[PDB]
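Here the structure comes first, spelled out in structure tokens, and everything after it is commentary.
Taken together, the values in this text are just the output of simple stated rules run on the coordinates, not laboratory data. For neighbour counting, all protein chains shown are included, and Cβ atoms are generated from backbone atoms with ideal geometry for every residue, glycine included.
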Amino acid sequence: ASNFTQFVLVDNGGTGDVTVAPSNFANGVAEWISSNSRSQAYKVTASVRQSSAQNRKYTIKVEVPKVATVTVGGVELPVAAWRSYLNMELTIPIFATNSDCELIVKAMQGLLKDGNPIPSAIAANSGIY
Amino acid sequence: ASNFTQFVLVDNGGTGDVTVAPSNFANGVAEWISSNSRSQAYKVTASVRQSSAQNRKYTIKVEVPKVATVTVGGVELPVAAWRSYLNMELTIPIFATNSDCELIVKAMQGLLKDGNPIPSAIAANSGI
Amino acid sequence: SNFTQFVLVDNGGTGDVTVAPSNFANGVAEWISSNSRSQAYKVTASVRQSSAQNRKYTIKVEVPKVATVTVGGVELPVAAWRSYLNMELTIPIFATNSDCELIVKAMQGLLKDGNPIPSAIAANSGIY
Amino acid sequence: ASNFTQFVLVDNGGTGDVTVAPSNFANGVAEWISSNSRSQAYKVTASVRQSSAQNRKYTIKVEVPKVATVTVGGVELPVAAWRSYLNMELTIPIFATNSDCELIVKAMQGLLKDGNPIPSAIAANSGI
């Protein structure tokens, strides 16, 4: 609907941010991309449908590559080394009010704050516990 | 260890917070809970794999219910009307330094800011 | 709150056929006529957001032709053949209530008792 | 011939009904339109084929626009704000008799009755 706009995925505080802008929405798959390249842009995909008699399911996927620069001859061609994926699902009952939805969003926000254990474990390349 | 501690899940900016505390670690699955009730507490679950060749697959689950107080006679049973589940997966290749993982976490944090499209779409309960 | 039963074929009384709710999983509503597997009329429906301003409702129907072949003495009921039916229906998101009743009225009056298309289907002949 | 005639599509139960009249037949496709306006008329399309030596197949399409008038300069251009499409397919085995086709048409009539779950779900514009 009116939520198909652009936003900053990575925020480095200044000119280092990475903005994704709307690209496509067909077959029920919203697709934001960073740049019109094929293998160098951060990619965000989203969709929503009804899953059960009383639930809805929103599914979200993110792809974050690592970019390098390998030169053959003297062309200086930029390339992608590897990609890191993400698959987020979210089941929400139909008759949930608005405040319940901000509660869910607040839970997801606070789970990934800087000082929390799970993001620190992800960032330090260690194991849980 | 120091990563298996307690933390605030829902931050109400003060006294109204919700805090989850370590409960269990079994079968590779670490589990935080809020209170000791079976239908009254927020639940958090985390685990990590290191599959054979080149992967590191974190998985995270959250459970957030809505609470009501159905009554029979005068028992006053505290019950959960419905639970809003949640999943998450995160594949990272082994050739990832510390800064690359920091960048991945920064992207995954910034996806869920206040004024971004996806959190608003979730907050509205309608089409994207 | 639209997951109820209804009359598929209405012979005005004794000969009617009713379908009652059976299942709803993976986003597929499923009505069946009886707990069998080959002698039941079947209805399947689902809805999603297809495009930026559209929604897609898809509906499928299955209608068999039952027979009563006998082997020994146990009088098997079988299905000789099945006639299928698909239906897609793209409706813009911001269509009003009157607009959608107009859409339903058009899609319903297409199949009146004496129009070209239903007559051609019934007579087992072709258009024109 | 005997099936390429005109018929009423939307029946407003009075003076507001909409009629479609034969327009074209080409490549096996028969096409009815309501008026001659290039982008303002209800459209109906039908065709039949015998793919294999085993079964028939009918395909039907409907286009319903939302009328509106936009003025640029002083021209008063009539346009369609949005069009709601509609598809339909119906596979019938060759050796189905006439009564079987009557039954299929009656089932497809009863699915879209006045107070059944599917037309109401369409008229509400939400989940089924």
Self-check item: Meets criteria (within 11 Å of another protein chain (Cβ to nearest Cβ), over 27 Å from residue A:126 (Cβ atoms) and touching an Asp or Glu at 6+ places or on another chain (Cβ under 9 Å)) for residue B:66
Solution: yes
Self-check item: Residue satisfying all of: in the range D:26-45; loosely packed, with under 14 Cβ neighbours inside 10 Å and either without any contact (Cβ under 8 Å) to a residue 40 or more places away in the chain or closer than 18 Å to residue C:126 by Cβ (or both); nearest to the chain's Cα centre (by Cα) among these
Solution: D:35
Exercise. Tell me the strands (runs of 3 or more DSSP E) entirely within the range A:55-111 that contain at least 2 residues that are within 10 Å of chain B (Cβ to nearest Cβ), among the small types (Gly, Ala, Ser) and under 23 Å from the mean Cα position of the chain (by Cα).
Key: A:77-84
Self-check item: Output for the range D:86-128, where each listed residue is in contact with a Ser or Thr (Cβ under 8 Å, 6 or more places away or on another chain), of a type in the set (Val, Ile, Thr) and assigned to a helix (DSSP H, G or I)
Solution: D:104
Quiz item: Within the range D:4-18, how many residues are free of Cβ contacts under 8 Å to residues at least 24 places away in the same chain, among the polar types (S, T, N, Q) and within 11 Å of another protein chain (Cβ to nearest Cβ)?
Solution: 2
Quiz prompt | Candidates B:61, B:57, filtered to the one that is surrounded by 15 or more Cβ atoms within 10 Å (Cβ to Cβ), out of contact with any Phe, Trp or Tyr (no Cβ under 6 Å at 6 or more places or on another chain) and not hydrophobic (A, V, I, L, M, F, W, C) | solution = B:61
Self-check item: Lone unmet requirement of (1) surrounded by fewer than 13 Cβ atoms within 10 Å (Cβ to Cβ); (2) small (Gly, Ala, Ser); (3) under 27 Å from residue A:11 (Cα atoms) for residue B:68
Solution: (3)
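Every residue, every condition in (1) surrounded by 16 or more Cβ atoms within 10 Å (Cβ to Cβ); (2) closer than 22 Å to residue D:92 by Cα, yes or no:
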site: C:4; (1), (2): no, no
site: C:8; (1), (2): yes, yes
site: C:42; (1), (2): yes, yes
site: C:49; (1), (2): yes, no
site: C:54; (1), (2): yes, no
Quiz item: Tell me, which strands (runs of 3 or more DSSP E) wholly within the range C:1-52 include 1 or more residues that are under 14 Å from the mean Cα position of the chain (by Cα), over 13 Å from residue D:107 (Cα atoms) and touching a residue at least 24 places away in the same chain (Cβ under 8 Å)?
Solution: C:28-32
Quiz prompt | Matching residues, the range A:70-99, being within 21 Å of residue A:50 (Cβ to Cβ) and buried (at least 19 other Cβ atoms within 10 Å of the Cβ) | solution = A:88, A:90, A:92, A:96
Quiz item: Does residue D:19 count as under 21 Å from residue D:80 (Cβ atoms), among the hydroxyl-bearing types (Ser, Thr, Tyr), in contact with a strand residue (DSSP E or B) (Cβ under 9 Å, 6 or more places away or on another chain) and surrounded by 15 or more Cβ atoms within 10 Å (Cβ to Cβ)?
Solution: no
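Residue-by-condition table, conditions (1) under 15 Å from the mean Cα position of the chain (by Cα); (2) farther than 17 Å from residue C:111 by Cβ:
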{"position": "D:57", "(1), (2)": "no, yes"}
{"position": "D:70", "(1), (2)": "no, yes"}
{"position": "D:73", "(1), (2)": "no, yes"}
{"position": "D:89", "(1), (2)": "yes, no"}
{"position": "D:92", "(1), (2)": "no, no"}
{"position": "D:109", "(1), (2)": "yes, no"}
Quiz item: For the subset of the range B:42-60 comprising residues that are over 18 Å from residue A:102 (Cα atoms) and of a type in the set (D, E, K, R), which member is nearest to the other protein chains (Cβ to nearest Cβ)?
Solution: B:56
